[PDB]
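Take a look at the structure below.
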Amino acid sequence: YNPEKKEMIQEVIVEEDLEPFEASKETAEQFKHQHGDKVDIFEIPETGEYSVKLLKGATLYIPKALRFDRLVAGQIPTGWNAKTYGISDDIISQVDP
Amino acid sequence: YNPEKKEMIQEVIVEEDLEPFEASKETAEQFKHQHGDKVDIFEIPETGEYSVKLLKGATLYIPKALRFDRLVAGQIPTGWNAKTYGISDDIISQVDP
Amino acid sequence: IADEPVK
Amino acid sequence: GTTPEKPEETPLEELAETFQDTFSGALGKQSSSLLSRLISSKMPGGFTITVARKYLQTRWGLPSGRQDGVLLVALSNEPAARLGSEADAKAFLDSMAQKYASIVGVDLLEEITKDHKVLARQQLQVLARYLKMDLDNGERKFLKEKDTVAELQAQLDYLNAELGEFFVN
Amino acid sequence: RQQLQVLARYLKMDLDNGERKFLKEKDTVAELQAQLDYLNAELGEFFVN
């Protein structure tokens, strides 16, 4: 988390056909399910995988950044580690901080 | 919410330069802040607004759909309305369902 | 190389 | 596909025994989803499961089912971030095929035209664009008929299931 | 315009590099111009000149 460079996506409509990209069959189908008239997916007969071409009219999410005002917090001392108090790695993973 | 067509975005890397799109100055700057080397933004001298060109290497979020297993819930009868129990529109807005 | 299936 | 009777108790070497009887070279449904997910989020821009096999075969000489082992070993060692260089992705596939090498026990110009043809293909596209002509419409319509065919073919199949050859014929 | 772009692509030539470099110098200029402005603010015309 960087207050100075805060990640967010914006919605945009693609104004002209994107260039096709390779994708799995399962994945290409998830796209077509979403976009319908606004995407073409076709099997590449040799590999078994599909090409995904977003047509004009489709919806795209293009990441952008935001500068935020709150730059300071009262944080647990740097290097604190539930591991050193003796907590098992399995718990560390499984659990929320 | 449609269990049959559940909305999600996937991350993809743009393999070749996207075609430029128009954007506000504030907005184009939020993009450049995010992408840096991987986006070009330039002022269109006549309008005051900027063109945003995503270069190859950039990150994109492309929406897709997922079919989900849970199709049935016990829902408040269709047409229920806090308005008819007598709740002010201001509260309706302001508050969580 | 001699093509093996997955075990 | 085949669930043994005590999956939760029958030990792993003893489950691999039971599963080996009925399976052969099948990368499986759940594993095929996991490898294309590993290729999508962790491999650098453009590096397909397609490209990753043509590298495993060109530079490390691996056939169909042997590169299936190298992808499964890379799935257990999946990067916690997307690799940056295509050379970083190449170096990753290298060490993954040598961890497969000692787990299986085995040790280890047209491209100029390719750059030009790309160019022409694009000159085509942009031209088609100008022409407002849909190059893919054939395959659209085709795929739709192909569907309605297995559909009809289906009902016919059933009617034959019920009435039999002699009756239908 | 598109026939241009795709051609440039093939040629691997950056059409926008001029404006990049230009915009960067334009920055370093208001930057220097700034310090100079200040030094003049402090010392005055007569002294600086």
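The chains in the structure tokens are called A, B, ... from first to last as shown; in each chain the residues are counted from 1, and the ligands are counted from 1 in the order shown.
Residue neighbourhood of residue 46 of chain A, excluding near-sequence residues (fewer than 4 positions): residues 42 and 50 of chain A; 50 of chain D, at 12 Å, using only C-alpha atoms.
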Write the residues of the preceding selection, restricted to C-alpha atoms, as a CSV table (one decimal), in the first residue's frame.
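File selection13.csv, as written:
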```
chain,number,residue,atom,x,y,z
A,42,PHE,CA,-11.8,-18.9,-32.3
A,50,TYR,CA,-8.2,-20.0,-28.7
D,50,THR,CA,2.3,-22.5,-26.6
```
Closest atom pairs, residues of chain A within 12 Å of chain B, only C-alpha atoms, as CSV:
```
residue,atom,partner,partner_atom,distance
A:2,CA,B:34,CA,11.7
A:4,CA,B:33,CA,9.8
A:5,CA,B:34,CA,7.3
A:6,CA,B:34,CA,8.5
A:7,CA,B:34,CA,7.4
A:8,CA,B:34,CA,9.0
A:9,CA,B:61,CA,8.0
A:10,CA,B:61,CA,9.4
A:11,CA,B:61,CA,9.4
A:12,CA,B:21,CA,9.3
A:13,CA,B:21,CA,9.6
A:14,CA,B:21,CA,8.7
A:15,CA,B:21,CA,7.9
A:16,CA,B:19,CA,7.8
A:17,CA,B:19,CA,9.4
A:18,CA,B:18,CA,7.4
A:19,CA,B:16,CA,7.8
A:20,CA,B:15,CA,9.3
A:21,CA,B:15,CA,7.9
A:22,CA,B:15,CA,10.4
A:23,CA,B:12,CA,10.2
A:26,CA,B:66,CA,10.2
A:27,CA,B:64,CA,8.3
A:28,CA,B:64,CA,8.7
A:29,CA,B:65,CA,8.4
A:30,CA,B:65,CA,4.8
A:31,CA,B:64,CA,4.3
A:32,CA,B:64,CA,7.4
A:33,CA,B:65,CA,5.5
A:34,CA,B:65,CA,4.6
A:35,CA,B:64,CA,7.3
A:36,CA,B:64,CA,10.2
A:38,CA,B:63,CA,11.6
A:39,CA,B:64,CA,10.6
A:52,CA,B:62,CA,10.7
A:53,CA,B:62,CA,11.1
A:54,CA,B:62,CA,9.2
A:56,CA,B:19,CA,11.8
A:58,CA,B:63,CA,9.3
A:59,CA,B:63,CA,7.3
A:60,CA,B:62,CA,5.5
A:61,CA,B:61,CA,4.7
A:62,CA,B:60,CA,5.5
A:63,CA,B:60,CA,6.8
A:64,CA,B:31,CA,4.3
A:65,CA,B:34,CA,4.6
A:66,CA,B:30,CA,6.0
A:67,CA,B:30,CA,8.5
A:68,CA,B:30,CA,11.9
```
Mind listing as an MDAnalysis selection string which residues of chain D are within 12 Å of chain A, counting only C-alpha atoms? chainID D and resid 29:30 32:41 45:51 53:54 64 121:122 125:126 128:130 132 134:140 142:143
Distance limit 8 Å, atoms considered: only C-alpha atoms. Which chain E residues sit that close to chain D? Return them as a PyMOL selection string. chain E and resi 2-3+6-7+10
Which one is closest to chain B: E:40, E:35, E:5, E:28? Count only C-alpha atoms. E:5
Residue with smallest distance to residue 4 of chain C - pool D:18, D:148, D:24, D:2, counting only C-alpha atoms: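 The answer is D:24, which sits nearest to residue 4 of chain C.
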Could you list, as a ChimeraX atom specification, every residue of chain C that has an atom within 6 Å of an atom of chain D, counting only C-alpha atoms? /C:3-6
According to DSSP computed on the backbone, where in segment 5-92 of chain B is there strand (DSSP E or B)? Give the residues as a PyMOL selection string. chain B and resi 6-13+21-23+39-43+50-54+59-66
Restrict the selected residues to N, CA and C atoms and save them as a JSON list (two decimals), in the first residue's frame.
```
[["chain", "number", "residue", "atom", "x", "y", "z"],
["B", 6, "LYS", "N", -21.44, -14.29, -13.53],
["B", 6, "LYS", "CA", -20.78, -13.56, -12.45],
["B", 6, "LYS", "C", -19.60, -12.75, -12.97],
["B", 7, "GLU", "N", -19.62, -11.44, -12.75],
["B", 7, "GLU", "CA", -18.59, -10.55, -13.31],
["B", 7, "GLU", "C", -17.25, -10.57, -12.58],
["B", 8, "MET", "N", -16.17, -10.68, -13.36],
["B", 8, "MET", "CA", -14.80, -10.63, -12.86],
["B", 8, "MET", "C", -13.87, -10.12, -13.95],
["B", 9, "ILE", "N", -12.76, -9.53, -13.53],
["B", 9, "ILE", "CA", -11.75, -9.05, -14.47],
["B", 9, "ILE", "C", -10.50, -9.93, -14.41],
["B", 10, "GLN", "N", -9.85, -10.11, -15.55],
["B", 10, "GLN", "CA", -8.55, -10.77, -15.54],
["B", 10, "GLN", "C", -7.43, -9.84, -16.00],
["B", 11, "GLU", "N", -6.24, -10.07, -15.47],
["B", 11, "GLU", "CA", -5.07, -9.30, -15.84],
["B", 11, "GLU", "C", -4.43, -9.88, -17.10],
["B", 12, "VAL", "N", -4.08, -8.98, -18.01],
["B", 12, "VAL", "CA", -3.34, -9.34, -19.21],
["B", 12, "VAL", "C", -2.31, -8.27, -19.51],
["B", 13, "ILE", "N", -1.23, -8.68, -20.16],
["B", 13, "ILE", "CA", -0.22, -7.73, -20.59],
["B", 13, "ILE", "C", -0.43, -7.40, -22.05],
["B", 21, "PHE", "N", -6.49, 6.98, -27.05],
["B", 21, "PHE", "CA", -7.84, 7.47, -26.78],
["B", 21, "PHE", "C", -7.78, 8.80, -26.05],
["B", 22, "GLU", "N", -8.80, 9.62, -26.24],
["B", 22, "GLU", "CA", -8.85, 10.95, -25.64],
["B", 22, "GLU", "C", -9.18, 10.83, -24.16],
["B", 23, "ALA", "N", -8.71, 11.80, -23.37],
["B", 23, "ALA", "CA", -8.88, 11.78, -21.91],
["B", 23, "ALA", "C", -8.62, 13.17, -21.34],
["B", 39, "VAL", "N", 3.35, 4.00, -20.71],
["B", 39, "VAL", "CA", 2.27, 4.80, -21.29],
["B", 39, "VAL", "C", 2.78, 6.17, -21.70],
["B", 40, "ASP", "N", 2.25, 6.66, -22.81],
["B", 40, "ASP", "CA", 2.55, 7.99, -23.30],
["B", 40, "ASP", "C", 1.29, 8.83, -23.24],
["B", 41, "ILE", "N", 1.39, 10.02, -22.66],
["B", 41, "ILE", "CA", 0.28, 10.97, -22.71],
["B", 41, "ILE", "C", 0.79, 12.30, -23.21],
["B", 42, "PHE", "N", 0.01, 12.90, -24.10],
["B", 42, "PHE", "CA", 0.44, 14.11, -24.78],
["B", 42, "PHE", "C", -0.72, 15.06, -24.89],
["B", 43, "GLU", "N", -0.45, 16.35, -24.71],
["B", 43, "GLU", "CA", -1.50, 17.35, -24.82],
["B", 43, "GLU", "C", -1.93, 17.58, -26.26],
["B", 50, "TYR", "N", -5.73, 15.49, -23.33],
["B", 50, "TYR", "CA", -4.59, 14.63, -23.65],
["B", 50, "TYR", "C", -5.00, 13.35, -24.35],
["B", 51, "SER", "N", -4.08, 12.80, -25.12],
["B", 51, "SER", "CA", -4.26, 11.49, -25.70],
["B", 51, "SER", "C", -3.52, 10.48, -24.82],
["B", 52, "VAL", "N", -4.13, 9.32, -24.59],
["B", 52, "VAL", "CA", -3.50, 8.29, -23.78],
["B", 52, "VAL", "C", -3.19, 7.04, -24.60],
["B", 53, "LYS", "N", -1.90, 6.75, -24.77],
["B", 53, "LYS", "CA", -1.48, 5.60, -25.55],
["B", 53, "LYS", "C", -0.77, 4.54, -24.70],
["B", 54, "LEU", "N", -1.43, 3.42, -24.47],
["B", 54, "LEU", "CA", -0.80, 2.33, -23.73],
["B", 54, "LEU", "C", 0.20, 1.55, -24.56],
["B", 59, "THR", "N", -0.13, -3.10, -18.30],
["B", 59, "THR", "CA", -1.08, -4.06, -17.73],
["B", 59, "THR", "C", -2.52, -3.63, -17.99],
["B", 60, "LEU", "N", -3.34, -4.60, -18.38],
["B", 60, "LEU", "CA", -4.74, -4.36, -18.73],
["B", 60, "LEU", "C", -5.67, -5.29, -17.96],
["B", 61, "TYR", "N", -6.85, -4.79, -17.61],
["B", 61, "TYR", "CA", -7.88, -5.64, -17.02],
["B", 61, "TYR", "C", -9.04, -5.85, -17.98],
["B", 62, "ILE", "N", -9.18, -7.09, -18.42],
["B", 62, "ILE", "CA", -10.19, -7.49, -19.38],
["B", 62, "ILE", "C", -11.27, -8.34, -18.73],
["B", 63, "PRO", "N", -12.49, -7.80, -18.63],
["B", 63, "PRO", "CA", -13.64, -8.43, -17.98],
["B", 63, "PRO", "C", -14.00, -9.78, -18.61],
["B", 64, "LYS", "N", -14.49, -10.69, -17.77],
["B", 64, "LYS", "CA", -14.92, -12.02, -18.19],
["B", 64, "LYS", "C", -16.01, -12.50, -17.25],
["B", 65, "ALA", "N", -16.65, -13.61, -17.59],
["B", 65, "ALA", "CA", -17.79, -14.10, -16.82],
["B", 65, "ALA", "C", -17.65, -15.55, -16.34],
["B", 66, "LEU", "N", -18.30, -15.85, -15.23],
["B", 66, "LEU", "CA", -18.15, -17.12, -14.53],
["B", 66, "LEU", "C", -19.54, -17.66, -14.18]]
```
Among chain E, which ones does DSSP assign to alpha helix (DSSP H) (computed from the backbone)? Answer as an MDAnalysis selection string. chainID E and resid 2:11 17:43 45:48
Mind pulling up the distance from atom CA of residue 83 of chain D to atom CA of residue 100 of chain D?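 Atom CA of residue 83 of chain D lies 20.3 Å from atom CA of residue 100 of chain D.
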